[PDB]
Amino acid sequence: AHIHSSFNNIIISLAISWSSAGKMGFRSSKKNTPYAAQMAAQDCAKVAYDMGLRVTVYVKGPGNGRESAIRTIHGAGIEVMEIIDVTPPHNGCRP
Amino acid sequence: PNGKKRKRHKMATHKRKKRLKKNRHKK
RNA sequence: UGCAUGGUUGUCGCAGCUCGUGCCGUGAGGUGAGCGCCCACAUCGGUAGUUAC
RNA sequence: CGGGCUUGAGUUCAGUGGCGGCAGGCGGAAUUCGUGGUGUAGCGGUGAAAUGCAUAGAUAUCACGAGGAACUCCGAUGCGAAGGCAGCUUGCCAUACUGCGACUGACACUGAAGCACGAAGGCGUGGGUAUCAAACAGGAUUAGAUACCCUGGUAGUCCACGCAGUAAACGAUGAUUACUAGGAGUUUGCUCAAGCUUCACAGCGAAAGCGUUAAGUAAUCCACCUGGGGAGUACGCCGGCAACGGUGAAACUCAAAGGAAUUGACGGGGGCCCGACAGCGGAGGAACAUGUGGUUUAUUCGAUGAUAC
Ligand SMILES: [K+]
Ligand SMILES: [K+]
């Protein structure tokens, strides 16, 4: 269960299935909102629970809705076994 | 530290640096 | 001739307007007393009675 | 001129250092590309969008292979003549501070010419080339946008050697020596001495302010200034592949140009408070009444953003 977030969008991939705020319907000034992340999490969890697999979290980016997505994924079907942060730059490339 | 003192010096540097570019590649 | 005036008027639209001491500054400057009600409408209680009741 | 002295200066020894210089090795995170698993309706970006990538198979995600650049936390302090110096380790250098009962005996300071070093950007030859990114291209906003915002993108940014010699190269404060009050911290060597920064006596200053790291008191040498433009321009000369650097006028023109502080006014600078920002009925459309403006003929005169009509 990998949640890739940013300042503009939040997407979720389980592996098998994936979801995103843009796929759910939110376009601008709403993809980085608690509602859209939970909606995308529910959209992915509808197939996650109906898959025979019941997981660890790999949240990567900083954004508003990671908690909502994790809570929705735990509530629907399987439960979040462990939320291990994988947020990753020891003075690397110039931005 | 009035500020207008440096504006005249900045402005004449612009005229000097622009005047040389008009004939740089112009043989 | 209201761009010569008096007296009146409208706006600013208003909460801060003055009188003295000391002290600070080379200077331009800073910082104890005077001032911010009335009229009408409601209830009740004493006197008046016509061209009023 | 001829001798002496050790306090200045230097040499030796011991202790204590250090993002000081040069050179050789070693590293993990992130990130780029190529090749393969999973998987499919979008991703990205913005104030909102679009240009862009993507079902002849994206974003995401798991691997293998090939590379380039920068060194998170420590981390604010320390070093260097300055410019500057920060992953780990080693080698070779330089240098500083403190002391000795070791040495020599004024061997010192400064320094026009000259020489050396000297950020970034730039130039030449050979490598390399991931990110970012002048110029350039497209998309937006605007009356226009040759900009600010977004997407691409070549020099350059990296390495070696050689040019170039500039900066708000600033503490806008040259070097050396001696002396003169207190508070608050900090580092190292041990209450003491070096260094490191802000309040602050005397004094200085036009004031802001400086004040043992002076802009205080004094002495030595060097650099520079003599109102503002013209102008760091023109000519000549020297240097450089070029870019350009150095030296550096006059004619003419003006009565100013400036510094520090004070009171207002203003701010698409902030703060603190107190009232304009849910309902109802009109005007703006029609016909008349009325008052003005305009034109006409004599259409008396005045009132003309809010505050005339
Ligand atoms: K002071
Ligand atoms: K060249």
# chains A, B, ... in the order shown; residues from 1 in each chain; ligands from 1
call {"tool": "residues_near_ligand", "arguments": {"ligand": "ligand 1", "cutoff": "10 Å", "atoms": "only C-alpha atoms (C1' of nucleotides) and all ligand atoms", "output": "MDAnalysis selection string"}}
result
chainID D and resid 198:200 209:211
call {"tool": "residues_near_ligand", "arguments": {"ligand": "ligand 2", "cutoff": "6 Å", "atoms": "only C-alpha atoms (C1' of nucleotides) and all ligand atoms", "output": "PyMOL selection string"}}
result
chain D and resi 123+241-242
call {"tool": "write_last_selection", "arguments": {"atoms": "C-alpha atoms (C1' of nucleotides)", "output": "PDB file, in the first residue's frame"}}
result
ATOM      1  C1'   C D 123      37.966  33.318 -23.376  1.00  0.00           C
ATOM      2  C1'   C D 241      43.148  35.654 -28.730  1.00  0.00           C
ATOM      3  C1'   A D 242      38.763  38.424 -27.871  1.00  0.00           C
TER       4        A D 242
END
call {"tool": "residues_around", "arguments": {"residues": "residue 5 (chain B)", "least_positions_apart": "4", "cutoff": "10 Å", "atoms": "only C-alpha atoms (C1' of nucleotides)", "output": "PDB file with C-alpha atoms (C1' of nucleotides), in the first residue's frame"}}
result
ATOM      1  CA  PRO B   1      22.208  56.288   1.379  1.00  0.00           C
ATOM      2  CA  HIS B   9      25.897  55.862 -11.775  1.00  0.00           C
ATOM      3  CA  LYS B  10      23.760  52.860 -12.750  1.00  0.00           C
TER       4      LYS B  10
ATOM      5  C1'   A D 257      24.715  68.662  -5.802  1.00  0.00           C
ATOM      6  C1'   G D 258      25.237  66.238  -0.728  1.00  0.00           C
TER       7        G D 258
END
call {"tool": "residues_around", "arguments": {"residues": "region 9-24 of chain C", "least_positions_apart": "3", "cutoff": "9 Å", "atoms": "only C-alpha atoms (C1' of nucleotides)", "output": "MDAnalysis selection string"}}
result
(chainID C and resid 30:36) or (chainID D and resid 307)
call {"tool": "interface_residues", "arguments": {"of": "chain D", "to": "chain A", "cutoff": "9 Å", "atoms": "only C-alpha atoms (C1' of nucleotides)", "output": "VMD selection string"}}
result
chain D and resid 29 to 31 38 to 42 45 to 46 48 60 to 61 69 to 72 130 to 132
call {"tool": "select_by_dssp", "arguments": {"residues": "chain B", "states": "alpha helix (DSSP H)", "output": "list in words"}}
result
residues 4, 5, 6, 7, 8, 9, 10, 11, 12, 13, 14, 15, 16, 17, 18, 19, 20 and 21 of chain B
call {"tool": "write_last_selection", "arguments": {"atoms": "N, CA and C atoms", "output": "tab-separated table (two decimals), in the first residue's frame"}}
result
chain	number	residue	atom	x	y	z
B	4	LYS	N	19.16	57.92	-4.69
B	4	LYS	CA	19.23	58.57	-6.00
B	4	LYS	C	20.66	58.83	-6.44
B	5	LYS	N	21.62	58.78	-5.51
B	5	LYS	CA	23.02	58.94	-5.88
B	5	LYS	C	23.48	57.80	-6.78
B	6	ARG	N	23.10	56.56	-6.45
B	6	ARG	CA	23.50	55.40	-7.22
B	6	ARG	C	22.71	55.23	-8.51
B	7	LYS	N	21.58	55.93	-8.66
B	7	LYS	CA	20.78	55.78	-9.87
B	7	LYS	C	21.47	56.41	-11.07
B	8	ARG	N	22.14	57.54	-10.87
B	8	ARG	CA	22.87	58.17	-11.96
B	8	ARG	C	24.06	57.32	-12.40
B	9	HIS	N	24.77	56.72	-11.44
B	9	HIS	CA	25.90	55.86	-11.78
B	9	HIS	C	25.44	54.60	-12.49
B	10	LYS	N	24.30	54.03	-12.07
B	10	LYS	CA	23.76	52.86	-12.75
B	10	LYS	C	23.32	53.19	-14.17
B	11	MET	N	22.78	54.40	-14.37
B	11	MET	CA	22.20	54.74	-15.66
B	11	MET	C	23.28	54.98	-16.71
B	12	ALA	N	24.37	55.64	-16.32
B	12	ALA	CA	25.44	55.92	-17.27
B	12	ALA	C	26.24	54.66	-17.61
B	13	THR	N	26.30	53.70	-16.68
B	13	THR	CA	26.91	52.41	-17.01
B	13	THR	C	26.11	51.69	-18.08
B	14	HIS	N	24.78	51.84	-18.05
B	14	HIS	CA	23.94	51.21	-19.06
B	14	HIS	C	24.18	51.80	-20.45
B	15	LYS	N	24.31	53.13	-20.54
B	15	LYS	CA	24.62	53.76	-21.83
B	15	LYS	C	25.99	53.33	-22.34
B	16	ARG	N	26.99	53.27	-21.45
B	16	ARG	CA	28.33	52.88	-21.87
B	16	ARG	C	28.37	51.42	-22.32
B	17	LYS	N	27.72	50.53	-21.57
B	17	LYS	CA	27.77	49.11	-21.92
B	17	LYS	C	26.94	48.81	-23.16
B	18	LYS	N	25.88	49.58	-23.40
B	18	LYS	CA	25.07	49.39	-24.60
B	18	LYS	C	25.75	49.97	-25.84
B	19	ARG	N	26.49	51.06	-25.68
B	19	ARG	CA	27.14	51.69	-26.83
B	19	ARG	C	28.24	50.81	-27.41
B	20	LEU	N	28.90	50.00	-26.57
B	20	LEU	CA	29.95	49.13	-27.07
B	20	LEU	C	29.41	47.91	-27.79
B	21	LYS	N	28.22	47.43	-27.41
B	21	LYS	CA	27.65	46.25	-28.05
B	21	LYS	C	27.19	46.53	-29.48
call {"tool": "residues_around", "arguments": {"residues": "residue 24 (chain A)", "least_positions_apart": "4", "cutoff": "10 Å", "atoms": "only C-alpha atoms (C1' of nucleotides)", "output": "list in words"}}
result
residues 19, 20, 31, 36, 37, 39, 40, 41, 42 and 43 of chain A
call {"tool": "write_last_selection", "arguments": {"atoms": "C-alpha atoms", "output": "PDB file, in the first residue's frame"}}
result
ATOM      1  CA  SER A  19      -6.602   5.340  -7.441  1.00  0.00           C
ATOM      2  CA  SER A  20      -6.121   9.101  -7.490  1.00  0.00           C
ATOM      3  CA  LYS A  31      -6.960  17.132  -4.765  1.00  0.00           C
ATOM      4  CA  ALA A  36     -10.588  13.556  -2.111  1.00  0.00           C
ATOM      5  CA  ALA A  37      -7.918  11.379  -0.490  1.00  0.00           C
ATOM      6  CA  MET A  39     -12.672   9.063  -1.676  1.00  0.00           C
ATOM      7  CA  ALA A  40      -9.734   7.694  -3.682  1.00  0.00           C
ATOM      8  CA  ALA A  41      -8.848   5.366  -0.807  1.00  0.00           C
ATOM      9  CA  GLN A  42     -12.427   4.052  -0.794  1.00  0.00           C
ATOM     10  CA  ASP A  43     -12.332   3.626  -4.579  1.00  0.00           C
TER      11      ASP A  43
END
call {"tool": "select_by_dssp", "arguments": {"residues": "chain A", "states": "strand (DSSP E)", "output": "list in words"}}
result
residues 2, 3, 4, 5, 10, 11, 12, 13, 14, 17, 18, 19, 20, 56, 57, 82 and 83 of chain A
call {"tool": "write_last_selection", "arguments": {"atoms": "C-alpha atoms", "output": "PDB file, in the first residue's frame"}}
result
ATOM      1  CA  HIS A   2       2.017   2.940  -1.345  1.00  0.00           C
ATOM      2  CA  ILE A   3       0.627   6.473  -1.049  1.00  0.00           C
ATOM      3  CA  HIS A   4       2.432   8.990  -3.264  1.00  0.00           C
ATOM      4  CA  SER A   5       1.398  12.508  -2.267  1.00  0.00           C
ATOM      5  CA  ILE A  10      -2.414  12.304  -3.935  1.00  0.00           C
ATOM      6  CA  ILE A  11      -2.393   8.851  -5.553  1.00  0.00           C
ATOM      7  CA  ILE A  12      -2.535   5.383  -3.985  1.00  0.00           C
ATOM      8  CA  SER A  13      -1.309   2.058  -5.377  1.00  0.00           C
ATOM      9  CA  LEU A  14      -1.936  -1.381  -3.867  1.00  0.00           C
ATOM     10  CA  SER A  17      -5.122  -1.605  -8.207  1.00  0.00           C
ATOM     11  CA  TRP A  18      -4.634   2.139  -7.935  1.00  0.00           C
ATOM     12  CA  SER A  19      -6.602   5.340  -7.441  1.00  0.00           C
ATOM     13  CA  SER A  20      -6.121   9.101  -7.490  1.00  0.00           C
ATOM     14  CA  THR A  56       1.948  -2.021   5.313  1.00  0.00           C
ATOM     15  CA  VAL A  57       1.889   1.647   4.303  1.00  0.00           C
ATOM     16  CA  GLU A  82       2.012  -0.742   9.932  1.00  0.00           C
ATOM     17  CA  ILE A  83       2.485   2.798   8.604  1.00  0.00           C
TER      18      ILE A  83
END
call {"tool": "closest_residue", "arguments": {"among": "A:51, A:21, A:1, A:45", "to": "residue 76 (chain A)", "atoms": "only C-alpha atoms"}}
result
A:45
call {"tool": "atom_distance", "arguments": {"atom1": "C1' of residue 80 (chain D)", "atom2": "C1' of residue 95 (chain D)"}}
result
9.2 Å
call {"tool": "residues_around", "arguments": {"residues": "residue 34 (chain A)", "least_positions_apart": "3", "cutoff": "7 Å", "atoms": "only C-alpha atoms (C1' of nucleotides)", "output": "PDB file with N, CA, C and O atoms, in the first residue's frame"}}
result
ATOM      1  N   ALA A  37      -8.795  12.490  -0.839  1.00  0.00           N
ATOM      2  CA  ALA A  37      -7.918  11.379  -0.490  1.00  0.00           C
ATOM      3  C   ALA A  37      -8.710  10.197   0.051  1.00  0.00           C
ATOM      4  O   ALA A  37      -8.460   9.047  -0.327  1.00  0.00           O
ATOM      5  N   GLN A  38      -9.684  10.462   0.924  1.00  0.00           N
ATOM      6  CA  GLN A  38     -10.516   9.386   1.453  1.00  0.00           C
ATOM      7  C   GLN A  38     -11.385   8.772   0.361  1.00  0.00           C
ATOM      8  O   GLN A  38     -11.615   7.559   0.355  1.00  0.00           O
ATOM      9  N   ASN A  64      -1.869  16.841   2.285  1.00  0.00           N
ATOM     10  CA  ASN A  64      -3.022  16.859   3.183  1.00  0.00           C
ATOM     11  C   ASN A  64      -4.009  15.791   2.729  1.00  0.00           C
ATOM     12  O   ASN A  64      -4.749  15.983   1.761  1.00  0.00           O
ATOM     13  N   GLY A  65      -4.034  14.667   3.441  1.00  0.00           N
ATOM     14  CA  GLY A  65      -4.944  13.589   3.110  1.00  0.00           C
ATOM     15  C   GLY A  65      -4.369  12.201   3.298  1.00  0.00           C
ATOM     16  O   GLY A  65      -5.069  11.204   3.091  1.00  0.00           O
ATOM     17  N   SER A  68      -6.312  10.592   6.081  1.00  0.00           N
ATOM     18  CA  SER A  68      -7.642  10.197   5.627  1.00  0.00           C
ATOM     19  C   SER A  68      -7.581   8.936   4.775  1.00  0.00           C
ATOM     20  O   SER A  68      -8.414   8.034   4.927  1.00  0.00           O
TER      21      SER A  68
END
call {"tool": "atom_distance", "arguments": {"atom1": "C1' of residue 142 (chain D)", "atom2": "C1' of residue 52 (chain D)"}}
result
24.0 Å
